[PDB]
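One structure below.
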Amino acid sequence: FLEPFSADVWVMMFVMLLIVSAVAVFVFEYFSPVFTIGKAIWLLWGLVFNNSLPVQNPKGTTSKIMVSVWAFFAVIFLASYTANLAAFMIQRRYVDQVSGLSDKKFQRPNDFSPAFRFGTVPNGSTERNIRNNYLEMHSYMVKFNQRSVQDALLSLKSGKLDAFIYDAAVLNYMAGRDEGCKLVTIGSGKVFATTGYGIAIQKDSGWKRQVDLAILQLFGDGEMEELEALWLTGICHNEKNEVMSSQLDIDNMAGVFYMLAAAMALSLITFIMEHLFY
Amino acid sequence: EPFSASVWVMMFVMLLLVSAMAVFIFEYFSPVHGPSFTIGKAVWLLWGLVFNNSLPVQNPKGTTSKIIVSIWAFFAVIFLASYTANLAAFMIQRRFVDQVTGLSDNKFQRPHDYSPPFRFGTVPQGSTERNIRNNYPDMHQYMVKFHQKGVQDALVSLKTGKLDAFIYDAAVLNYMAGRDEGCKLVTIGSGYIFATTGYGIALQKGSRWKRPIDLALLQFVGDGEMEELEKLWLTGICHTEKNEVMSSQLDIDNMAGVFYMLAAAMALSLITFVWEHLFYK
Amino acid sequence: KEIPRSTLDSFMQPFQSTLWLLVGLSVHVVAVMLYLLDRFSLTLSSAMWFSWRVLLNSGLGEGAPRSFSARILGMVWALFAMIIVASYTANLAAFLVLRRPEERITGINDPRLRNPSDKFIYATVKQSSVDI
Amino acid sequence: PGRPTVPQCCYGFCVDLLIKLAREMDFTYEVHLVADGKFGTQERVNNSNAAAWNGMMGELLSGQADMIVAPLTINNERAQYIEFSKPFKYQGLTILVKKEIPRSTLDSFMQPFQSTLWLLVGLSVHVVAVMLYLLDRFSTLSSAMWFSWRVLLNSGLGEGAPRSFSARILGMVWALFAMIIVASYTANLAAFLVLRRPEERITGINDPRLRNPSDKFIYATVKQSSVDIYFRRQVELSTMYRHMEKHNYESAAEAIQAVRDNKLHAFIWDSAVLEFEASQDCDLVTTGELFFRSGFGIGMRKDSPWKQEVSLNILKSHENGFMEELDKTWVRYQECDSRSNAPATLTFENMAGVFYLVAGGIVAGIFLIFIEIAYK
Amino acid sequence: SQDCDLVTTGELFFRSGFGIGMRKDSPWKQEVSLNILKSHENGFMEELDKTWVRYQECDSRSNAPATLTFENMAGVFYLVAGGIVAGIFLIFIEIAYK
Ligand SMILES: *[C@@H]1O[C@H](CO)[C@@H](O)[C@H](O)[C@H]1NC(C)=O
């Protein structure tokens with residue numbers, strides 16, 4: 001309801017009241033020789049948002065009816081507002097909390113009061129690289145190091161560990177071949193230290209170029225795609241996940257509640273101000 | 001209706017709860033103008049509050065009623081929420097699928113009787129013409145009257161409404177759905193053709209390259225390629241997931257159904273008029 | 001066949017109960033705040049009824065605000081109450097989110113075909129065309 | 001329009017990389033862009049009918065440019081002729097094109113409008129007043145009609161139900177159905193929200209429409225683009241090879257434009273150049289799964305005693321996150337909104353109409369008060 | 001379609017068709033097929049499949065309202081009745097106090 005709330009809807013509501021206020025005073029005064037107050041403001045309020053307003057109803061024929069029309073359209077808008085929020089409820093990106101290690105949350109667990117946890121397999125190119133670039137991460141993660149990928153998986157899967165770090169191809173296949181689809185690749189699984197598997201040879205004397213040729217013939221033939229589908233291909237293809245009926249969470253409405261409290265305080269000191277006017 | 005097995009009775013039961021609430025309330029109201037009309041208002045007043053408010057009603061005073069009412073109001077609210085959820089479920093139920101019985105349907109069997117003008121047809125010199133003539137000769141003659149020749153003739157006719165509907169080899173028609181621009185054409189019901197056959201190849205009666213040919217063919221069936229050829233040529237756009245539809249015209253006949261219930265109520269009120277009309281001395 | 005789903009009261013615990021406890025408490029504080037100034041220059045029960053009028057949506061209307069400042073207060077708080085119930089209509093909306101995605105198994109794409117899971121046994125009929 | 005060599009200023013990711021090397025590397029650099037529009041591919045030389053790939057690469061074989069710094073995909077056909085460094089990026093071909101989605105401003109209320117009955121039944125709500133009068137018999141019109149309007153709108157005006165209890169039963173019925181209708185509408189309003197009218201043609205590899213090309217598939221690539229090798233070698237794609245060829249472009253600016261201009265329904269190219277543009281304009285969309293993956297590498301004449309070092313240097317660039325930092329550094333600056341649904345102040349105009357009607361209303365109001373005056 | 005506790009996986013693979021079987025030199029082979037073809041075209045085959053197969057079907061019965069979900073509502077109903085009784089004596093005491 002943010003766009004509508006932001007423009008025209010409020011101004012229009014003031015005008016209907018104001019038109020009615022002019023007509024009501026003139027007409028009402030027309031009806032009775034012997035008034036638009038806050039009550040009129042409440043009426044904009046009563047007609048506009050699902051009733052529940054007990055203060056008043058204007059004693060006139062033209063405006064009151066016009067507003068009943070307004071109210072009916074306004075109800076449609078209310079209904080749509082519900083639908084608008086339903087649209088939110090239709091889907092949600094339940095991926096808000098994530099760390100890519102460029103954030104420094106991983107850099108220190110201690111900054112976060114609960115202890116965080118992440119680990120990797122030792123004697124790896126990953127661990128050596130880590131020790132080379134980031135010392136603190138290595139020295140901290142030695143406690144979270146795991147025996148084997150199935151066992152590392154045991155630390156992630158059964159709880160007692162939050163995040164696991166490993167080779168991207170294995171982690172992507174693992175995501176696809178996941179017993180529980182809940183495990184998901186970090187972000188887009190776009191990996192830092194972008195690398196690829198390599199084939200050894202002795203030294204400058206070897207198969208060299210002829211051997212490489214074969215490799216790029218494989219790409220041309222298109223065999224690798226087939227082999228990928230057979231060996232590499234992954235269960236529960238990584239589409240944006242959809243969450244249904246997720247426990248209610250409030251943070252912006254909390255803000256709204258604070259808006260309320262503040263607005264109150266203002267009106268209270270306004271009353272004080274007014275009092276002083278005297 | 002689901003609420004009705006348990007919910008409708010409970011609504012009647014809900015009215016019974018109201019009587020007890022009024023009984024607590026009557027004593028409070030009169031330890032010992034004409035508020036006694038309030039219990040009636042509650043049956044009506046309580047009922048209004050039950051459905052989306054919208055009742056001027058009467059203002060109950062008894063202290064207990066406010067609590068009791070708030071308890072009912074809570075219920076009414078979650079009822080409405082429950083009702084909304086049921087409606088929400090219906091949005092799923094609001095999937096529009098073609099309503100027809102195909103060849104079996106009377107629209108095909110006895111076309112003349114319907115006031116509206118519609119016609120079914122098929123391609124000339126087809127194997128089916130004979131089936132039609134060996135099913136309904138008259139239908140075949142009707143098809144002959146409205147003859148077309150190319151797929152696109154039929155297609156356009158269907159897209160323009162020049163042709164009511166069109167029968168052909170389903171396999172091809174499925175392929176047509178496999179290639180529609182805009183996805184406006186569908187098969188009958190599930191799509192069972194109701195004529196069952198598969199493609200065949202000619203051989204000189206004397207010739208038998210086929211018995212030898214057969215062996216090669218089966219493994220080909222077994223082989224993944226048939227499905228590759230399927231994916232190669234038979235793949236079709238807009239795979240038929242139980243289709244879902246929405247309407248800007250809403251429903252006027254469902255609305256009429258609602259209005260019939262409404263009309264019944266009107267009749268009932270006329271009956272109560274009659275009761276007063278002929279009120280006993 | 002797949003397993004079933006829980007009842008609405010059970011459903012309420014995930015979102016409705018905590019909010020109801022926190023918010024219900026919040027209404028009383030709001031009612032107290034308006035009176036503060038009013039007190040300075042069963043009233044509490046009446047205020048609660050006015051604030052509850054929004055929640056149940058009973059709108060009993062037993063009592064009305066004492067002062068224009070309270071009305072601004074009412075203008076503030078009444079609008080907030082309306083928002084709170086509209087958010088309850090969002091909760092209303094949430095009840096219909098119970099539909100189950102479920103699971104299906106591909107002939108070749110699925111993991112089971114990929115491996116006869118030790119835990120997941122599958123089979124066919126002996127000496128049949130499927131066996132062949 | 002006439003093209004001749006021109007002194008120009010060029011700045012780039014590859015330039016920053018090149019200078020990074022130049023600090024790391026002793027060699028000094030002077031750069032000039034290749035005259036040939038395309039990087040170039042080995043092709044028949046007209047009457048000669050046999051020729052070097054030319055363009056950027058042939059100049060390289062030719063020695064015009066000793067080393068080639070550009071975002072060039074690395075492939076075997078080229079690879080035999082020249083040495084290539086380790087590849088910096090791994091971009092995959094996707095098809096960069098889209099159609100603005102069709103959504104409705106007038107659709108939600110319309111559910112009533114078109115139903116027609118929505119209005120007619122409102123009038124019949126008014127008619128119920130006549131039935132009530134009948135109820136009155138053998139036991140105000142303005143108030144009744146207004147009362148009927150209220151049930152549609154929950155007016156709660158004052159007087160309430162007819163004296164006959166039986167008559168009042170219809171009030172419950174009509175308001176019942178009114179309520180139902182509103183709710184039903186809301187559900188159908190949500191039916192609009194359900195949407196899914198759009199159909200995705202993105203899976204190109206498994207796609208049916210792309211494979212069997214037609215005049216509805218005006219499809220291209222860049223004249224002399226590496227994918228043409230794929231179409232060339234893929235006799236399986238010969239059909240498509242030509243279908244594609246007949247529509248090819250000298251450059252991406254024209255190729256993207258055709259889809260933007262809507263001259264061509266679809267465009268086929270690789271990811272590194274295309275996705276950035278996808279962010280840049282975004283009306284257009286990429287679809288399906290990247291096919292024929294490749295990693296970018298520098299092209300140089302054979303035996304370059306530096307390629308190896310270069311490979312080590314770019315390797316380090318990956319190792320130290322430099323390569324990575326640069327890619328985030330430029331690409332990151334461009335973003336595309338995730339699929340989501342927002343109202344966008346469209347359907348609000350009917351209410352604009354309502355407010356216009358208010359004005360008409362109060363104008364009519366002077367004649368309505370004339371009526372009281374008239375009965376003077 | 002007969003046992004609602006069992007369901008099929010959606011994919012259909014290895015498309016195949018059943019048939020009658022005879023030795024290659026059977027004198028009834030020419031006759032056996034012509035008969036099968038005639039039964040397909042005539043509709044006899046549809047009568048048999050429809051007659052036997054049509055007996056049973058599974059549908060998504062029940063919708064989602066009340067029922068099991070409503071059982072806890074019973075609990076809710078139990079909760080309304082319990083609250084009022086305490087208020088009686090307590091309310092009377094309050095009245096006595098003031
Ligand atoms: C690396 O593996 C070797 C051989 O199993 C083992 O001795 C060593 O402890 C491992 N590294 C550490 C210190 O974890």
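Chain labels run A, B, ... following the order of the structure tokens; each chain numbers its residues from 1, and ligands are numbered from 1 in the order shown.
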- Query: Please, which residues of region 148-352 of chain D, numbered as in this document, come out strand (DSSP E or B) from DSSP, as a PyMOL selection string?
  - Reply: chain D and resi 219-220+222+249+266-270+286-295+299-300
- Using only C-alpha atoms, find the residues of chain B whose closest atom to chain C is at most 9 Å away, then write them as a list in words.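 Filtering chain B at 9 Å from chain C with only C-alpha atoms gives residues 49, 53, 59, 60, 61, 66, 69, 70, 71, 72, 73, 74, 75, 76, 77, 78, 80, 81, 82, 84, 85, 86, 88 and 89 of chain B.
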- Query: If we count only C-alpha atoms, which residues of chain B reach to within 7 Å of chain E? Please list them as an MDAnalysis selection string.
  - Reply: chainID B and resid 2:3 71 86 195:196 222
- Query: Can I get the residues close to ligand 1 as a ChimeraX atom specification, where close means within 10 Å and we count only C-alpha atoms and all ligand atoms?
  - Reply: /A:121-124,142,145-147
Requested write-out: N, CA and C atoms of the selected residues, as a short mmCIF file (atom, residue, chain, number, x, y, z; two decimals), in the first residue's frame:
```cif
data_model
loop_
_atom_site.label_atom_id
_atom_site.label_comp_id
_atom_site.auth_asym_id
_atom_site.auth_seq_id
_atom_site.Cartn_x
_atom_site.Cartn_y
_atom_site.Cartn_z
N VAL A 121 37.88 -29.11 5.25
CA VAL A 121 38.79 -30.25 5.32
C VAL A 121 40.24 -29.78 5.26
N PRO A 122 41.07 -30.28 6.19
CA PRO A 122 42.50 -29.97 6.30
C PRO A 122 43.35 -30.63 5.23
N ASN A 123 44.58 -30.17 5.07
CA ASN A 123 45.47 -30.72 4.06
C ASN A 123 44.90 -30.45 2.68
N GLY A 124 44.10 -29.39 2.57
CA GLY A 124 43.50 -29.00 1.31
C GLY A 124 44.17 -27.78 0.70
N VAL A 142 40.59 -24.29 12.74
CA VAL A 142 41.23 -25.58 13.06
C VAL A 142 40.37 -26.42 14.01
N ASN A 145 37.57 -28.03 11.87
CA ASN A 145 38.01 -28.93 10.81
C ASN A 145 37.38 -30.32 10.96
N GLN A 146 37.06 -30.95 9.84
CA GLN A 146 36.35 -32.23 9.87
C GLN A 146 37.09 -33.34 9.13
N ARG A 147 36.87 -34.58 9.58
CA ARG A 147 37.58 -35.75 9.06
C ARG A 147 37.37 -35.98 7.56
#
```
- Message: When DSSP is applied to the backbone of this structure, which of region 63-190 of chain D are assigned alpha helix (DSSP H)? Write them out as number ranges by chain.
- Response: D: 76-79, 107-115, 117-136, 141-153, 165-190
Mind writing the picked residues with C-alpha atoms as a short mmCIF file (atom, residue, chain, number, x, y, z; two decimals), in the first residue's frame?
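Result file follows (again.cif):
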```cif
data_model
loop_
_atom_site.label_atom_id
_atom_site.label_comp_id
_atom_site.auth_asym_id
_atom_site.auth_seq_id
_atom_site.Cartn_x
_atom_site.Cartn_y
_atom_site.Cartn_z
CA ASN D 76 40.62 -25.10 -30.07
CA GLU D 77 40.17 -23.99 -33.68
CA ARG D 78 42.02 -20.79 -32.80
CA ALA D 79 44.17 -22.59 -30.20
CA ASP D 107 -8.69 -5.85 -15.06
CA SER D 108 -9.60 -6.13 -11.33
CA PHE D 109 -12.91 -4.20 -11.13
CA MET D 110 -13.63 -5.40 -14.64
CA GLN D 111 -14.53 -8.75 -13.15
CA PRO D 112 -17.74 -7.00 -12.12
CA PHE D 113 -18.00 -4.66 -15.09
CA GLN D 114 -18.00 -7.44 -17.65
CA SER D 115 -20.15 -9.64 -15.42
CA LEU D 117 -25.03 -8.46 -13.37
CA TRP D 118 -22.94 -6.71 -10.68
CA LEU D 119 -24.77 -3.53 -11.56
CA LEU D 120 -28.09 -5.04 -12.30
CA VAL D 121 -28.23 -6.80 -8.98
CA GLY D 122 -27.47 -3.50 -7.28
CA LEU D 123 -30.65 -2.22 -8.81
CA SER D 124 -32.45 -5.32 -7.61
CA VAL D 125 -31.16 -4.48 -4.12
CA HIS D 126 -33.16 -1.30 -4.59
CA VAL D 127 -36.11 -3.36 -5.83
CA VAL D 128 -36.13 -5.31 -2.57
CA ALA D 129 -37.63 -2.11 -1.13
CA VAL D 130 -40.83 -2.82 -3.07
CA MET D 131 -40.99 -6.29 -1.50
CA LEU D 132 -40.52 -4.68 1.93
CA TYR D 133 -43.45 -2.34 1.23
CA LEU D 134 -45.43 -5.49 0.42
CA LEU D 135 -44.33 -6.80 3.86
CA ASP D 136 -45.54 -3.50 5.36
CA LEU D 141 -38.12 5.56 -0.81
CA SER D 142 -34.93 7.63 -0.60
CA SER D 143 -34.11 6.06 2.76
CA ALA D 144 -34.71 2.59 1.32
CA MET D 145 -32.51 3.04 -1.75
CA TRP D 146 -29.89 4.57 0.55
CA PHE D 147 -30.29 1.59 2.88
CA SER D 148 -29.75 -0.76 -0.06
CA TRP D 149 -26.66 1.21 -1.03
CA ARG D 150 -25.38 0.86 2.52
CA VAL D 151 -25.54 -2.94 2.52
CA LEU D 152 -23.31 -2.96 -0.51
CA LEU D 153 -21.28 -0.36 1.46
CA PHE D 165 -39.57 -9.32 11.17
CA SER D 166 -40.16 -11.49 8.12
CA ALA D 167 -39.44 -8.62 5.77
CA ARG D 168 -36.12 -8.01 7.56
CA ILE D 169 -35.04 -11.57 6.76
CA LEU D 170 -34.34 -10.48 3.18
CA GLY D 171 -32.09 -7.75 4.57
CA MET D 172 -29.97 -10.54 6.00
CA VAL D 173 -30.14 -12.37 2.68
CA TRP D 174 -29.26 -9.48 0.45
CA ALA D 175 -26.49 -8.31 2.71
CA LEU D 176 -25.38 -11.92 2.89
CA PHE D 177 -25.03 -12.17 -0.77
CA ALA D 178 -23.59 -8.70 -1.00
CA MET D 179 -20.91 -9.76 1.45
CA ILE D 180 -20.35 -12.95 -0.46
CA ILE D 181 -20.01 -11.09 -3.69
CA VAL D 182 -17.46 -8.71 -2.29
CA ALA D 183 -15.45 -11.53 -0.89
CA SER D 184 -15.85 -13.52 -4.08
CA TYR D 185 -14.65 -10.53 -5.98
CA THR D 186 -11.68 -10.28 -3.72
CA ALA D 187 -10.96 -13.90 -4.48
CA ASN D 188 -11.23 -13.18 -8.18
CA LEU D 189 -9.15 -10.13 -7.61
CA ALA D 190 -6.61 -12.59 -6.33
#
```
